[PDB]
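Each residue takes its place number in the sequence, starting with 1. Computation of the quantities below employed the complete heavy-atom set of this structure, encompassing side-chain atoms and omitting hydrogens, waters and symmetry-equivalent molecules.
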Amino acid sequence: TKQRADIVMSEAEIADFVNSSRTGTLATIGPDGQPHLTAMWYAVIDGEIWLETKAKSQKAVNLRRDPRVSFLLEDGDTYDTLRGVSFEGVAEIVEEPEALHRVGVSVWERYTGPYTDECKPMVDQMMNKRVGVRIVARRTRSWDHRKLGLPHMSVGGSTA
């Protein structure tokens with residue numbers, strides 16, 4: 001239901017934003033239909049967002065029952081700098097060991113430092129009894145309020 005042409009990000013800008021961000025919000029569907037929200041760090045592999053979770057975590061249980069997911073990334077502190085991307089789609093649960101190791105390595109590189117073979121036991125342990133969750137988007141909406149050319153605002157109010 002939309003997508004403003006003025007503030008939409010390009011395919012390439014979204015890619016940069018997904019690689020640059022640290023935290024998004026995942027929604028899965030609870031057993032009574034209630035949206036279940038968690039703030040997630042993530043992996044990025046061949047352009048796609050992947051998550052790691054315990055095989056028996058609530059999110060993995062929601063997802064086997066109903067694969068539908070939403071995932072939201074956002075930043076910016078002023079109206080003129082708000083930017084983000086919102087994905088709706090389906091998740092696949094993957095326990096294939098090569099795939100898990102790629103998830104573990106991407107998370108390691110994204111949030112820890114460069115990966116070397118001597119980090120393997122530690123990545124093995126992070127990913128032990130975990131599954132990969134590949135996010136496949138079918139609907140994407142994005143925004144970058146910098147494309148309005150508004151005057152720059154500094155952050156204000158009581159929450160500054």
Side-chain angles (χ1 to χ4, degrees), residues 3-53 56-63 66-93 102-115 122-123 126-127 130-160:
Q3 179 61 77
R4 281 169 71 190
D6 49 15
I7 59 172
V8 71
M9 287 203 286
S10 69
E11 193 170 81
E13 286 169 344
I14 290 166
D16 292 0
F17 185 69
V18 163
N19 281 129
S20 300
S21 305
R22 285 177 64 93
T23 307
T25 301
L26 174 75
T28 58
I29 298 180
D32 60 353
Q34 184 77 38
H36 278 167
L37 303 185
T38 68
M40 292 302 279
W41 288 355
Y42 60 93
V44 189
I45 301 163
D46 297 323
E48 292 186 302
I49 293 164
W50 291 64
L51 311 172
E52 58 91 239
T53 183
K56 268 120 127 184
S57 65
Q58 192 60 237
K59 80 220 84 306
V61 161
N62 292 165
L63 282 174
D66 189 334
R68 286 179 306 161
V69 273
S70 302
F71 193 81
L72 186 152
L73 291 165
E74 129 292 313
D75 77 351
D77 305 309
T78 61
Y79 177 82
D80 69 293
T81 54
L82 312 169
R83 44 155 200 205
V85 62
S86 185
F87 300 111
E88 295 178 0
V90 300
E92 182 192 0
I93 302 190
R102 296 199 283 260
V103 167
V105 161
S106 162
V107 163
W108 182 274
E109 287 194 324
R110 282 169 49 72
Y111 302 94
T112 293
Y115 178 73
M122 291 196 62
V123 179
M126 165 203 291
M127 294 308 291
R130 297 204 183 234
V131 300
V133 173
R134 175 186 158 254
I135 300 181
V136 184
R138 325 239 99 154
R139 179 165 168 290
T140 294
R141 285 299 178 271
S142 60
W143 64 98
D144 189 353
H145 282 196
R146 264 109 77 163
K147 299 165 167 213
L148 271 6
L150 267 11
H152 194 46
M153 318 162 182
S154 101
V155 1
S158 70
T159 60

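- In this structure, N19 has no side chain to side chain donor-acceptor pair (under 3.5 Å) partners at least two apart in sequence or on a different chain.
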Show your working on side chain to side chain contact (heavy atoms under 4.5 Å, CB included) between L148 and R4 and close with a plain yes or no.
CA-CA 11 Å; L148 271 6; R4 281 169 71 190; 4.2 Å; yes
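- Between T23 and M40, every side-chain heavy-atom pair lies at or beyond the 4.5 Å cut-off.
- Residues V131 and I93 meet the side-chain proximity criterion, which asks for heavy atoms closer than 4.5 Å.
- Using bins of under 30°, 30° to 60° and over 60° for the plane-to-plane angle, the ring pair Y115/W108 lands in the perpendicular bin.
- With a 4.5 Å cut-off on side-chain heavy atoms, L72 and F87 do not count as touching.
- Partners of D46 by salt bridge (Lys or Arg N to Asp or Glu O under 4.0 Å), not counting sequence neighbours: none found.
- Between atom CE of residue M9 and atom CZ of residue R141 there is a gap of 13.0 Å, rounded to the nearest 0.5 Å.
- For the side chain to side chain contact (heavy atoms under 4.5 Å, CB included) test, residues two or more places apart in sequence or in another chain that qualify with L82 are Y79, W143, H145.
- Contact annotation: the side chain of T28 never approaches that of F71 to less than 4.5 Å [non-hydrogen atoms, C-beta and beyond].
- Closest non-hydrogen pair, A137 versus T140, comes out as CB-OG1, 4.0 Å.
- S106 places a side-chain N or O within donor-acceptor distance of the main-chain N or O of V44, the cut-off being under 3.5 Å.
- For the side chain to side chain donor-acceptor pair (under 3.5 Å) test, no residue two or more places apart in sequence or in another chain qualifies with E88.
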Verdict with supporting geometry, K59 and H36, side chain to side chain contact (heavy atoms under 4.5 Å, CB included)
CA-CA 8 Å; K59 80 220 84 306; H36 278 167; over 6 Å; no
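- Annotation: side chain to side chain donor-acceptor pair (under 3.5 Å) contacts of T25 (sequence neighbours excluded): none.
- Not a single side chain to side chain contact (heavy atoms under 4.5 Å, CB included) links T159 to another residue, sequence neighbours left out.
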Give the intermediate values and the outcome of side chain to side chain contact (heavy atoms under 4.5 Å, CB included) for residues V133 and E92.
CA-CA 6 Å; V133 173; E92 182 192 0; over 6 Å; no
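- Residues passing the side chain to side chain contact (heavy atoms under 4.5 Å, CB included) test with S21 are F17, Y42, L73, sequence neighbours excluded.
- Atom CG of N62 and atom CZ of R68 lie 11.5 Å apart (nearest 0.5 Å).
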Begin from the C-alpha positions of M127 and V103 and carry the test side chain to side chain contact (heavy atoms under 4.5 Å, CB included) through to its verdict.
CA-CA 8 Å; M127 294 308 291; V103 167; 3.7 Å; yes
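- Counting only residues at least two apart or on different chains, the salt bridge (charged side-chain N to carboxylate O under 4.0 Å, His left out) pairs with a member in residues 9-27 are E13-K147.
- Annotation: side chain of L26 is not in contact with side chain of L37 (no heavy-atom distance under 4.5 Å).
- Applying the salt bridge (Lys or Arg N to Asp or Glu O under 4.0 Å) criterion to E74, with sequence neighbours excluded, gives no partner residue.
- Among residues two or more places apart in sequence or in another chain, the side chain to side chain contact (heavy atoms under 4.5 Å, CB included) test is passed with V136 by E48, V90, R134, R138.
- For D80, the side chain to side chain donor-acceptor pair (under 3.5 Å) partners are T78, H152, not counting sequence neighbours.
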